[PDB]
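Working notes, structure below.
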Amino acid sequence: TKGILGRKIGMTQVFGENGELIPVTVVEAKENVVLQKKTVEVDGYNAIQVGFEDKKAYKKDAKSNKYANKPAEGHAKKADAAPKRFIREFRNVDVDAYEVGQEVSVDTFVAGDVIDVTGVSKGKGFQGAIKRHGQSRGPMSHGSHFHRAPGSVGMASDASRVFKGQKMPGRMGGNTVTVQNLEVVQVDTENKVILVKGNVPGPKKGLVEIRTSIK
Amino acid sequence: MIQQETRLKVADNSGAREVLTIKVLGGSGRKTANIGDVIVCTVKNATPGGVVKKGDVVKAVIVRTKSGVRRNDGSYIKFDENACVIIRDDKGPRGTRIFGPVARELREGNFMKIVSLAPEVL
Amino acid sequence: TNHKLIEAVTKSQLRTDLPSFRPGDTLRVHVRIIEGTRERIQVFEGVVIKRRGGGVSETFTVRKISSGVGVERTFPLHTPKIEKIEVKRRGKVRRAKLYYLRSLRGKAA
Amino acid sequence: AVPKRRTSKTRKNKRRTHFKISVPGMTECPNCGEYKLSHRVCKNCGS
Amino acid sequence: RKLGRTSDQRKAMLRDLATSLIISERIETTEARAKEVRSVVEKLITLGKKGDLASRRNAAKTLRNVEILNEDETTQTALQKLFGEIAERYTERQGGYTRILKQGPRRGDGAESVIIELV
RNA sequence: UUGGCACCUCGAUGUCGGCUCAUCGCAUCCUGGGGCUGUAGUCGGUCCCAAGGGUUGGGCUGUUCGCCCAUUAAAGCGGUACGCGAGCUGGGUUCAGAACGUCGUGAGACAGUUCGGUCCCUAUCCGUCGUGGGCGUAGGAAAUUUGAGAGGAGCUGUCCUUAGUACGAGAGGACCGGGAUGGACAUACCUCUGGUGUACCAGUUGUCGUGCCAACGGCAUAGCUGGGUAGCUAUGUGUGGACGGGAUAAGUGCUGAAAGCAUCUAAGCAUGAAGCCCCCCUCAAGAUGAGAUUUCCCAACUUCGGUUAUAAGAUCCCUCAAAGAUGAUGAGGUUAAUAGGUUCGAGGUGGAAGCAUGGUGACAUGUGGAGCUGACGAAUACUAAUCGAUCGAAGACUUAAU
Ligand SMILES: [Mg+2]
Ligand SMILES: [Mg+2]
Ligand SMILES: [Mg+2]
Ligand SMILES: [Mg+2]
Ligand SMILES: [Mg+2]
Ligand SMILES: [Mg+2]
Ligand SMILES: [Mg+2]
Ligand SMILES: [Mg+2]
Ligand SMILES: [Mg+2]
Ligand SMILES: [Mg+2]
Ligand SMILES: [Mg+2]
């Protein structure tokens, strides 16, 4: 419900009530003007897609991607707002309301509405065995030349294969992950940020979509 | 933390002076400990006299471990000595005159005969 | 400064009128607690060992011997649970942090 | 740690097919009569 | 922060490369020195724009105690050079910001040589 | 398991235990569901259906096995070349030395002990874990996506309320529903707690050098100790395991003849489990059965031989990084804040040098929370991202609705 699309900037602590300290991730949630929505009448899933931070004008000589293009020009002219950089589905909520071309708000929530968080990982390059998966290393002394490699992979020749799904050294990777049931300690309106509880994925100046919980 | 085979200058007036922990009893595969748990332990040193004698497996609460404890406001209590109190298996000590200032955290776990029998409690 | 907008959320909770000092001083920190039928309030003498990491996340800690044991306690100094800080005595130290107190007669003067 | 088979004259040529070299930028100077490499300065060019 | 080989060299080689920059005013070398020596000799000649005795001592933290000169048939000791003929030249706002210009590779290697120029 | 047979291997198929890593049966150890008890309750015996998940730390010996200590909800039985040495140790067994008992007149012998004994290899192809180029997807491109499928996760204790009530004289003491926080495990992240922090800051030791004193370099593991920002992490901080559905297995049932009564069943109708599917999260249209919505671009030679030469949109090439083995992913390329510099600030260190005062000095004190700063934040075009090139569409037939 009301999937805002903020980005992080860091993490600090905020003293709650009587003595309680709770660590807080501060999520900068800039402008979010709703682009076209799609329903069951058109082709079959009721959803609201949302934009995020804008960029400059269109079609001069696009060296970068902070300039738009004739695809995203007419796709964003339809709602008569500036062209965008991050467009995300929300098939969670509310096919009825949310008129097209509406800024959403920042205060859809209250200080106590539980949320979820979807964001990409850090990604730590190509890393090996006992750092990626929870495997334990070998003995570092008494003569053993088996310090840190993964062990055996399969049996002898009554299974002449190695079974796929084997947890071998590959890339650590940034793939998506969703924590569940975080809460909001405080909402700001004027500086246009919110806060959450604990810590969410996705390193600084990243991207994170948040939405209501499913408890 | 205090784990499998630590050695603890016990604080009671009941004859033991140093004990060593066999197991940190709790859940299955329990490894670590901190203030308020209960460990089973066998004495090594023994004061002449006292109550208990050398080589007698007794159960004993933990008090004031070396690393801190995080109470829920943001404080920390780091002591400077691992210590212990031998319990009677009714959550009360053996002797009377336990030394060595005690952390407040062992109160929800109904150890309140130790706290009233003690010097300065934080 | 940290950013343009960390403190814009956070300056409205930062605490005023805590008399600024340096590691080497001798403090008498009061603090309000609760236990049962009490909101009783307790003093705690000691010497500042270190002071760290300014902003809303700033931290100091104090050290006091109690009965032969060195009790070391740490606070986040902007908490609304500390009541009153005195400064009993100024200090003459050279190092900023003071981890070398594992001795038995330090006597910082 | 040895081969078990001599690789034939198909998986020799099929393997080395991603082993090439491409031309570089090659933008010409205005008055050199000589092609500099892009974002560089020659010794005897209009660069 | 880039590197060359190792921690003892990477100071005492790299400080002995800005010295040859001072007495010659243009040199050619490979990339990861010249991308990196850009931000040491330029940070050094902010001390030209101050030029007091407390800045004179810290200029002796980096440059050699060495490389006498002879351009006026007389000896400028290469610490007296930059405070009279370099700091006087530059009064633009960003210190003594120097340019680089890249060239082709070399024969026996594939490093891109680059003339830096103290302008 | 102990064997029997000699079928493959002697132009070598490495052999016991243990560490590393699993994967599979159920004849089930715990947890879930029942029948039956010579089951008062709490406990317990025995049997049926059930593999979804769990299955401990130490002493002893090479050990397997075994006994013993302290726990736990439990410390299951097995297969996988008695799983795993082109992944590892070598303690024993099966190498030369030596000795003891013993048998042999002798050389020597022993499933009898006993001390010491070299463990080789750079990955061709399949199989894996990641990760890119070409082409297909009847015009080209961008963005967002549906989800056939496939992976992931599934564990539990203790305390309190019902209540000291039902049963039971008394000892003790709930089923069934609600409330708390723990354990182990799987994740995400550095604000706090700590660790590291090799171009940061301060003290000091030898010796050499900058003509000398003061200052400061070089070398000695980074010469050594105290501390420390970013980045990376746990022993640190949060979060997690679902609630809810549909058919059943064991079992319990209602109606009901065969076989006038009974009878759960033969035709119908129920209910019934951590089990199966949908639900939770992750991947996924190369799912050639190649899906879906929105948006942008449309011409002359010319017997479409399309010769071309371009748009949309990319890219070559450069300054780096929230990304990173290269390639790939992002952020930018003068209409510019992408790096470096300059300025200010946070954080760190702890009061610079000179000069003055006091001390015969060693050094104290002011000038002054100073000086000095690598990764983080903001401002500014001062230097460098120039001028250019390369690739890239002009939409077949069939019948049908019009
Ligand atoms: Mg057999
Ligand atoms: Mg025969
Ligand atoms: Mg033969
Ligand atoms: Mg052979
Ligand atoms: Mg062999
Ligand atoms: Mg069965
Ligand atoms: Mg199993
Ligand atoms: Mg022993
Ligand atoms: Mg004889
Ligand atoms: Mg000398
Ligand atoms: Mg500007």
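Just remember, in the structure tokens the first chain shown is A, the second B, etc., residues are 1-based per chain, and ligands are 1-based in the order shown.
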
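The contact shell of ligand 8, defined as all polymer residues within 12 Å when only C-alpha atoms (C1' of nucleotides) and all ligand atoms are used, comprises residues 58, 59 and 60 of chain F.
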
For residue 90 (chain C), list every protein, DNA or RNA residue within 9 Å, evaluated using only C-alpha atoms (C1' of nucleotides), and leave out those in the same chain fewer than 3 positions away; present the list as a short mmCIF file (atom, residue, chain, number, x, y, z; two decimals) with C-alpha atoms, in the first residue's frame.
data_model
loop_
_atom_site.label_atom_id
_atom_site.label_comp_id
_atom_site.auth_asym_id
_atom_site.auth_seq_id
_atom_site.Cartn_x
_atom_site.Cartn_y
_atom_site.Cartn_z
CA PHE C 21 34.78 18.53 29.03
CA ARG C 22 37.68 16.27 28.11
CA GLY C 24 40.86 13.24 32.32
CA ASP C 25 38.04 14.80 34.27
CA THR C 26 36.29 13.21 37.23
CA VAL C 87 32.99 18.11 37.02
CA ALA C 109 47.39 14.50 38.23
#

Contacts of ligand 1, 12 Å or closer, only C-alpha atoms (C1' of nucleotides) and all ligand atoms, given as a list in words: residues 1, 2, 3, 4, 5 and 82 of chain F

Using C-alpha atoms (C1' of nucleotides), can you write the selected residues to a file as a PDB file, in the first residue's frame?
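out.pdb, freshly written:
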ATOM      1  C1'   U F   1      28.478 -58.435   9.538  1.00  0.00           C
ATOM      2  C1'   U F   2      31.313 -63.623   9.365  1.00  0.00           C
ATOM      3  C1'   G F   3      31.706 -66.626   5.284  1.00  0.00           C
ATOM      4  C1'   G F   4      31.033 -69.799   0.040  1.00  0.00           C
ATOM      5  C1'   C F   5      32.090 -69.447  -5.420  1.00  0.00           C
ATOM      6  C1'   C F  82      32.620 -50.758   4.554  1.00  0.00           C
TER       7        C F  82
END

Distance-based interface of chain F with chain E, 12 Å, counting only C-alpha atoms (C1' of nucleotides), as a PyMOL selection string: chain F and resi 198-199+209-210+215-219+222+318-319+339-343+352-354+371-372+374-375+380-384

Keeping only C-alpha atoms (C1' of nucleotides), write the selected residues as a PDB file, in the first residue's frame.
ATOM      1  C1'   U F 198      51.363  -0.403   5.173  1.00  0.00           C
ATOM      2  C1'   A F 199      50.891   7.504   1.649  1.00  0.00           C
ATOM      3  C1'   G F 209      72.896  12.337   6.102  1.00  0.00           C
ATOM      4  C1'   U F 210      70.845  17.666   4.957  1.00  0.00           C
ATOM      5  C1'   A F 215      64.428  21.379  13.085  1.00  0.00           C
ATOM      6  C1'   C F 216      63.862  16.703   9.280  1.00  0.00           C
ATOM      7  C1'   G F 217      64.559  12.861   6.225  1.00  0.00           C
ATOM      8  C1'   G F 218      66.933   7.331   4.915  1.00  0.00           C
ATOM      9  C1'   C F 219      67.369   2.211   7.124  1.00  0.00           C
ATOM     10  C1'   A F 222      55.615  -0.805   8.914  1.00  0.00           C
ATOM     11  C1'   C F 318      37.888   8.704 -22.919  1.00  0.00           C
ATOM     12  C1'   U F 319      37.585  10.918 -16.435  1.00  0.00           C
ATOM     13  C1'   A F 339      37.167  12.455 -11.409  1.00  0.00           C
ATOM     14  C1'   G F 340      41.883  15.475  -9.547  1.00  0.00           C
ATOM     15  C1'   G F 341      42.868  20.271  -7.504  1.00  0.00           C
ATOM     16  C1'   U F 342      41.284  24.763  -4.493  1.00  0.00           C
ATOM     17  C1'   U F 343      37.954  26.407  -0.318  1.00  0.00           C
ATOM     18  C1'   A F 352      53.028  22.405  15.817  1.00  0.00           C
ATOM     19  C1'   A F 353      57.232  25.719  14.487  1.00  0.00           C
ATOM     20  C1'   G F 354      59.190  30.166  15.729  1.00  0.00           C
ATOM     21  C1'   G F 371      48.754  22.704  14.120  1.00  0.00           C
ATOM     22  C1'   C F 372      48.309  18.322  10.588  1.00  0.00           C
ATOM     23  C1'   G F 374      43.809   8.645   3.051  1.00  0.00           C
ATOM     24  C1'   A F 375      39.219   6.936   1.233  1.00  0.00           C
ATOM     25  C1'   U F 380      33.796  26.371  -7.326  1.00  0.00           C
ATOM     26  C1'   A F 381      35.209  25.079 -13.815  1.00  0.00           C
ATOM     27  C1'   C F 382      41.221  25.828 -12.241  1.00  0.00           C
ATOM     28  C1'   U F 383      43.419  20.686 -15.425  1.00  0.00           C
ATOM     29  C1'   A F 384      41.502  16.531 -18.237  1.00  0.00           C
TER      30        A F 384
END

Using only C-alpha atoms, what does the table of chain E residues within 10 Å of chain D look like, with each row giving the shortest atom pair and its distance in Å to one decimal, sorted by chain and ascending number, as a Markdown table?
| residue | atom | partner | partner_atom | distance |
| --- | --- | --- | --- | --- |
| E:101 | CA | D:40 | CA | 7.0 |
| E:102 | CA | D:40 | CA | 5.1 |
| E:103 | CA | D:40 | CA | 4.9 |
| E:104 | CA | D:40 | CA | 6.8 |
| E:112 | CA | D:40 | CA | 9.6 |
| E:113 | CA | D:40 | CA | 10.0 |
| E:114 | CA | D:40 | CA | 9.1 |
| E:115 | CA | D:41 | CA | 9.6 |

Contact set, chain A to chain C: 10 Å, only C-alpha atoms, as a ChimeraX atom specification: /A:9-21,26,28,186-188,190-195

Go ahead and write the residues just picked, N, CA and C atoms, as a PDB file, in the first residue's frame.
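Writing the result to again16.pdb gives the following:
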ATOM      1  N   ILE A   9      20.412   7.120   2.612  1.00  0.00           N
ATOM      2  CA  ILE A   9      21.589   7.973   2.666  1.00  0.00           C
ATOM      3  C   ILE A   9      22.529   7.547   3.793  1.00  0.00           C
ATOM      4  N   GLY A  10      22.053   6.737   4.728  1.00  0.00           N
ATOM      5  CA  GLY A  10      22.918   6.350   5.825  1.00  0.00           C
ATOM      6  C   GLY A  10      22.121   5.711   6.933  1.00  0.00           C
ATOM      7  N   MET A  11      22.661   5.798   8.141  1.00  0.00           N
ATOM      8  CA  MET A  11      22.048   5.102   9.258  1.00  0.00           C
ATOM      9  C   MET A  11      22.528   5.703  10.567  1.00  0.00           C
ATOM     10  N   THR A  12      21.584   6.055  11.438  1.00  0.00           N
ATOM     11  CA  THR A  12      21.873   6.705  12.710  1.00  0.00           C
ATOM     12  C   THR A  12      20.987   6.121  13.789  1.00  0.00           C
ATOM     13  N   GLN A  13      21.123   6.650  14.996  1.00  0.00           N
ATOM     14  CA  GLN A  13      20.323   6.194  16.115  1.00  0.00           C
ATOM     15  C   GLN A  13      19.388   7.301  16.572  1.00  0.00           C
ATOM     16  N   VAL A  14      18.234   6.895  17.099  1.00  0.00           N
ATOM     17  CA  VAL A  14      17.173   7.802  17.528  1.00  0.00           C
ATOM     18  C   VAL A  14      16.609   7.285  18.841  1.00  0.00           C
ATOM     19  N   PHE A  15      16.635   8.124  19.868  1.00  0.00           N
ATOM     20  CA  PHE A  15      16.183   7.757  21.201  1.00  0.00           C
ATOM     21  C   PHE A  15      14.671   7.760  21.215  1.00  0.00           C
ATOM     22  N   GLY A  16      14.066   6.598  21.406  1.00  0.00           N
ATOM     23  CA  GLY A  16      12.623   6.534  21.458  1.00  0.00           C
ATOM     24  C   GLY A  16      12.093   6.929  22.818  1.00  0.00           C
ATOM     25  N   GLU A  17      11.122   6.180  23.323  1.00  0.00           N
ATOM     26  CA  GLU A  17      10.581   6.472  24.641  1.00  0.00           C
ATOM     27  C   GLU A  17      11.428   5.813  25.715  1.00  0.00           C
ATOM     28  N   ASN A  18      10.885   5.672  26.930  1.00  0.00           N
ATOM     29  CA  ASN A  18      11.535   5.978  28.208  1.00  0.00           C
ATOM     30  C   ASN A  18      13.055   5.894  28.240  1.00  0.00           C
ATOM     31  N   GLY A  19      13.629   4.803  27.762  1.00  0.00           N
ATOM     32  CA  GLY A  19      15.066   4.781  27.629  1.00  0.00           C
ATOM     33  C   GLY A  19      15.524   4.257  26.291  1.00  0.00           C
ATOM     34  N   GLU A  20      14.588   3.756  25.490  1.00  0.00           N
ATOM     35  CA  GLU A  20      14.919   2.840  24.406  1.00  0.00           C
ATOM     36  C   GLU A  20      15.613   3.552  23.256  1.00  0.00           C
ATOM     37  N   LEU A  21      16.781   3.039  22.894  1.00  0.00           N
ATOM     38  CA  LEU A  21      17.506   3.434  21.700  1.00  0.00           C
ATOM     39  C   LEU A  21      17.160   2.461  20.592  1.00  0.00           C
ATOM     40  N   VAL A  26      17.856   6.043   7.482  1.00  0.00           N
ATOM     41  CA  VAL A  26      17.136   7.195   6.954  1.00  0.00           C
ATOM     42  C   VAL A  26      16.998   7.084   5.441  1.00  0.00           C
ATOM     43  N   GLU A  28      15.736   8.749   2.088  1.00  0.00           N
ATOM     44  CA  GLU A  28      15.318   9.925   1.351  1.00  0.00           C
ATOM     45  C   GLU A  28      14.339   9.503   0.277  1.00  0.00           C
ATOM     46  N   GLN A 186       9.470   7.285  12.678  1.00  0.00           N
ATOM     47  CA  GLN A 186       9.137   8.692  12.557  1.00  0.00           C
ATOM     48  C   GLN A 186       8.994   9.006  11.085  1.00  0.00           C
ATOM     49  N   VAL A 187       8.045   9.874  10.761  1.00  0.00           N
ATOM     50  CA  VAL A 187       7.841  10.365   9.407  1.00  0.00           C
ATOM     51  C   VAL A 187       8.157  11.849   9.407  1.00  0.00           C
ATOM     52  N   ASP A 188       8.957  12.297   8.456  1.00  0.00           N
ATOM     53  CA  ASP A 188       9.072  13.725   8.222  1.00  0.00           C
ATOM     54  C   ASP A 188       8.246  14.102   7.003  1.00  0.00           C
ATOM     55  N   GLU A 190       8.442  17.895   5.821  1.00  0.00           N
ATOM     56  CA  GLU A 190       8.974  19.090   5.172  1.00  0.00           C
ATOM     57  C   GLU A 190      10.306  18.828   4.495  1.00  0.00           C
ATOM     58  N   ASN A 191      11.185  18.070   5.133  1.00  0.00           N
ATOM     59  CA  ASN A 191      12.443  17.743   4.485  1.00  0.00           C
ATOM     60  C   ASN A 191      12.310  16.571   3.530  1.00  0.00           C
ATOM     61  N   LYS A 192      11.129  15.941   3.499  1.00  0.00           N
ATOM     62  CA  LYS A 192      10.734  14.931   2.518  1.00  0.00           C
ATOM     63  C   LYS A 192      11.598  13.674   2.665  1.00  0.00           C
ATOM     64  N   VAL A 193      11.656  13.151   3.891  1.00  0.00           N
ATOM     65  CA  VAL A 193      12.292  11.872   4.177  1.00  0.00           C
ATOM     66  C   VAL A 193      11.426  11.108   5.158  1.00  0.00           C
ATOM     67  N   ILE A 194      11.684   9.811   5.261  1.00  0.00           N
ATOM     68  CA  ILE A 194      11.129   8.993   6.320  1.00  0.00           C
ATOM     69  C   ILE A 194      12.263   8.253   7.000  1.00  0.00           C
ATOM     70  N   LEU A 195      11.897   7.465   7.993  1.00  0.00           N
ATOM     71  CA  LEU A 195      12.827   6.636   8.727  1.00  0.00           C
ATOM     72  C   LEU A 195      12.252   5.233   8.775  1.00  0.00           C
TER      73      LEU A 195
END

So which residues touch residue 80 (chain B) within 12 Å, counting only C-alpha atoms (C1' of nucleotides), skipping near sequence neighbours fewer than 2 positions away, as a CSV table (one decimal) with N, CA, C and O atoms, in the first residue's frame?
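around-v1.csv, freshly written:
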chain,number,residue,atom,x,y,z
B,8,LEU,N,37.5,-19.1,36.9
B,8,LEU,CA,36.6,-18.1,37.5
B,8,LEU,C,37.0,-17.9,38.9
B,8,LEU,O,36.9,-18.8,39.7
B,9,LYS,N,37.4,-16.7,39.3
B,9,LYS,CA,37.6,-16.4,40.7
B,9,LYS,C,36.3,-16.2,41.4
B,9,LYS,O,35.6,-15.2,41.2
B,63,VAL,N,28.1,-14.3,37.4
B,63,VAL,CA,28.0,-12.9,37.8
B,63,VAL,C,29.2,-12.2,37.2
B,63,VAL,O,30.3,-12.7,37.3
B,64,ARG,N,29.0,-11.0,36.6
B,64,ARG,CA,30.0,-10.1,36.2
B,64,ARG,C,31.0,-10.7,35.3
B,64,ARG,O,32.2,-11.1,35.6
B,65,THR,N,30.6,-11.0,34.0
B,65,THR,CA,31.6,-11.5,33.1
B,65,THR,C,32.4,-10.3,32.5
B,65,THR,O,32.0,-9.1,32.7
B,66,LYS,N,33.5,-10.6,31.9
B,66,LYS,CA,34.5,-9.6,31.5
B,66,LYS,C,34.0,-8.7,30.4
B,66,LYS,O,34.1,-7.5,30.5
B,67,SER,N,33.4,-9.3,29.4
B,67,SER,CA,32.7,-8.5,28.4
B,67,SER,C,31.5,-7.9,29.0
B,67,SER,O,30.9,-8.4,30.0
B,68,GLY,N,31.0,-6.8,28.4
B,68,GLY,CA,29.9,-6.1,28.9
B,68,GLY,C,28.5,-6.8,28.7
B,68,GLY,O,28.5,-8.0,28.3
B,77,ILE,N,27.9,-2.4,30.8
B,77,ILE,CA,28.6,-2.6,32.1
B,77,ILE,C,29.7,-3.5,31.8
B,77,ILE,O,29.5,-4.7,31.8
B,78,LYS,N,30.9,-3.0,31.7
B,78,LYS,CA,32.1,-3.9,31.5
B,78,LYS,C,32.8,-3.9,32.9
B,78,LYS,O,33.3,-2.9,33.4
B,82,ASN,N,36.2,-12.2,35.7
B,82,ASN,CA,35.1,-13.2,35.6
B,82,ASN,C,34.8,-13.7,37.0
B,82,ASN,O,35.8,-13.9,37.8
B,83,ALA,N,33.6,-13.9,37.4
B,83,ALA,CA,33.3,-14.3,38.7
B,83,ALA,C,32.0,-15.2,38.7
B,83,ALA,O,31.4,-15.5,37.7
B,100,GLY,N,32.3,-8.4,45.9
B,100,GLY,CA,32.4,-8.2,44.5
B,100,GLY,C,31.2,-7.8,43.7
B,100,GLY,O,30.5,-8.6,43.2
B,101,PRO,N,31.0,-6.4,43.7
B,101,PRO,CA,29.8,-5.8,43.1
B,101,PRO,C,29.1,-6.4,41.9
B,101,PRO,O,29.8,-6.8,40.9
B,102,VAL,N,27.8,-6.6,41.9
B,102,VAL,CA,27.0,-7.5,41.1
B,102,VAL,C,26.2,-6.7,40.1
B,102,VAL,O,25.6,-5.6,40.5
C,63,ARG,N,35.1,5.1,34.4
C,63,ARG,CA,35.7,4.0,35.1
C,63,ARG,C,35.7,4.3,36.6
C,63,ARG,O,36.2,5.4,36.9
C,64,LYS,N,35.3,3.3,37.4
C,64,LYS,CA,35.3,3.5,38.8
C,64,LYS,C,35.7,2.2,39.5
C,64,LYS,O,35.1,1.1,39.1
C,65,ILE,N,36.6,2.2,40.4
C,65,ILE,CA,36.8,1.0,41.3
C,65,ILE,C,35.7,1.0,42.3
C,65,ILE,O,35.1,2.0,42.7
C,66,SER,N,35.2,-0.2,42.6
C,66,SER,CA,34.1,-0.4,43.5
C,66,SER,C,34.4,-1.1,44.8
C,66,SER,O,34.1,-0.5,45.8
C,67,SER,N,35.0,-2.3,44.7
C,67,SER,CA,35.4,-3.0,45.9
C,67,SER,C,36.7,-3.8,45.7
C,67,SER,O,36.9,-4.8,46.3
C,68,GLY,N,37.5,-3.2,44.8
C,68,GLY,CA,38.6,-4.0,44.2
C,68,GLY,C,38.4,-4.3,42.8
C,68,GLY,O,39.3,-4.9,42.2
C,69,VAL,N,37.2,-4.1,42.3
C,69,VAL,CA,36.9,-4.4,40.9
C,69,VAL,C,36.7,-3.1,40.2
C,69,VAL,O,36.1,-2.1,40.7
C,70,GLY,N,37.2,-3.0,38.9
C,70,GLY,CA,37.0,-1.8,38.2
C,70,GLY,C,35.8,-1.8,37.3
C,70,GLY,O,35.8,-2.3,36.2
C,71,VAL,N,34.7,-1.2,37.8
C,71,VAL,CA,33.5,-1.1,37.0
C,71,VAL,C,33.7,0.0,36.0
C,71,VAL,O,34.0,1.1,36.3
C,72,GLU,N,33.4,-0.4,34.7
C,72,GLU,CA,33.4,0.5,33.6
C,72,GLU,C,32.1,0.6,33.0
C,72,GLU,O,31.5,-0.4,32.6
C,73,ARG,N,31.5,1.8,32.9
C,73,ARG,CA,30.2,2.0,32.4
C,73,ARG,C,30.2,3.0,31.3
C,73,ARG,O,31.0,3.9,31.3
C,101,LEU,N,44.8,2.3,31.8
C,101,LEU,CA,44.5,2.0,33.2
C,101,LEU,C,44.0,0.5,33.3
C,101,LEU,O,42.8,0.2,33.2
C,102,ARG,N,45.0,-0.3,33.4
C,102,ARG,CA,44.9,-1.6,34.0
C,102,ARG,C,45.9,-1.8,35.2
C,102,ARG,O,46.2,-2.9,35.6
C,103,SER,N,46.3,-0.6,35.7
C,103,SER,CA,47.2,-0.6,36.8
C,103,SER,C,46.4,-0.5,38.1
C,103,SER,O,45.1,-0.6,38.1

Protein and nucleic residues near ligand 10, 12 Å, only C-alpha atoms (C1' of nucleotides) and all ligand atoms, as a PyMOL selection string: chain F and resi 207-213

Env of residue 52 (chain B): 10 Å cut, atoms = only C-alpha atoms (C1' of nucleotides), seq-sep filter 6 positions within chain, self excluded. Answer as a compact mmCIF listing (two decimals) with N, CA and C atoms, in the first residue's frame.
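For reference, result_14.txt as written:
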# COMPACT_ATOMS: atom_id res chain seq x y z
N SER B 14 32.33 -19.60 50.53
CA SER B 14 32.01 -21.00 50.73
C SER B 14 33.11 -21.88 50.18
N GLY B 15 34.36 -21.56 50.52
CA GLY B 15 35.43 -22.52 50.37
C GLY B 15 36.07 -22.63 49.01
N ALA B 16 35.29 -22.54 47.94
CA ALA B 16 35.90 -22.56 46.63
C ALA B 16 36.57 -21.23 46.36
N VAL B 43 35.15 -27.68 41.09
CA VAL B 43 36.11 -26.80 41.74
C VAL B 43 37.52 -27.34 41.55
N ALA B 46 40.67 -24.88 46.60
CA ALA B 46 39.76 -24.98 47.73
C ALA B 46 40.41 -24.31 48.93
N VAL B 58 29.33 -28.91 41.22
CA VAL B 58 28.24 -28.11 41.77
C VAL B 58 27.73 -27.17 40.68
N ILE B 86 28.09 -19.87 43.84
CA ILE B 86 27.63 -21.26 43.88
C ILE B 86 26.23 -21.31 44.46
N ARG B 94 25.09 -20.45 48.95
CA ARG B 94 25.40 -21.29 50.10
C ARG B 94 25.72 -20.45 51.33

Surroundings of ligand 9 up to 9 Å, based on only C-alpha atoms (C1' of nucleotides) and all ligand atoms, as a ChimeraX atom specification: /F:103-105

Interface list for chain D, partner chain F, 10 Å threshold, only C-alpha atoms (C1' of nucleotides), as number ranges by chain: D: 1-7, 18, 23-30, 37-39

Who sits within 12 Å of residue 137 (chain F), only C-alpha atoms (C1' of nucleotides), same chain under 4 positions skipped, as a ChimeraX atom specification: /F:285-286,288,290-291
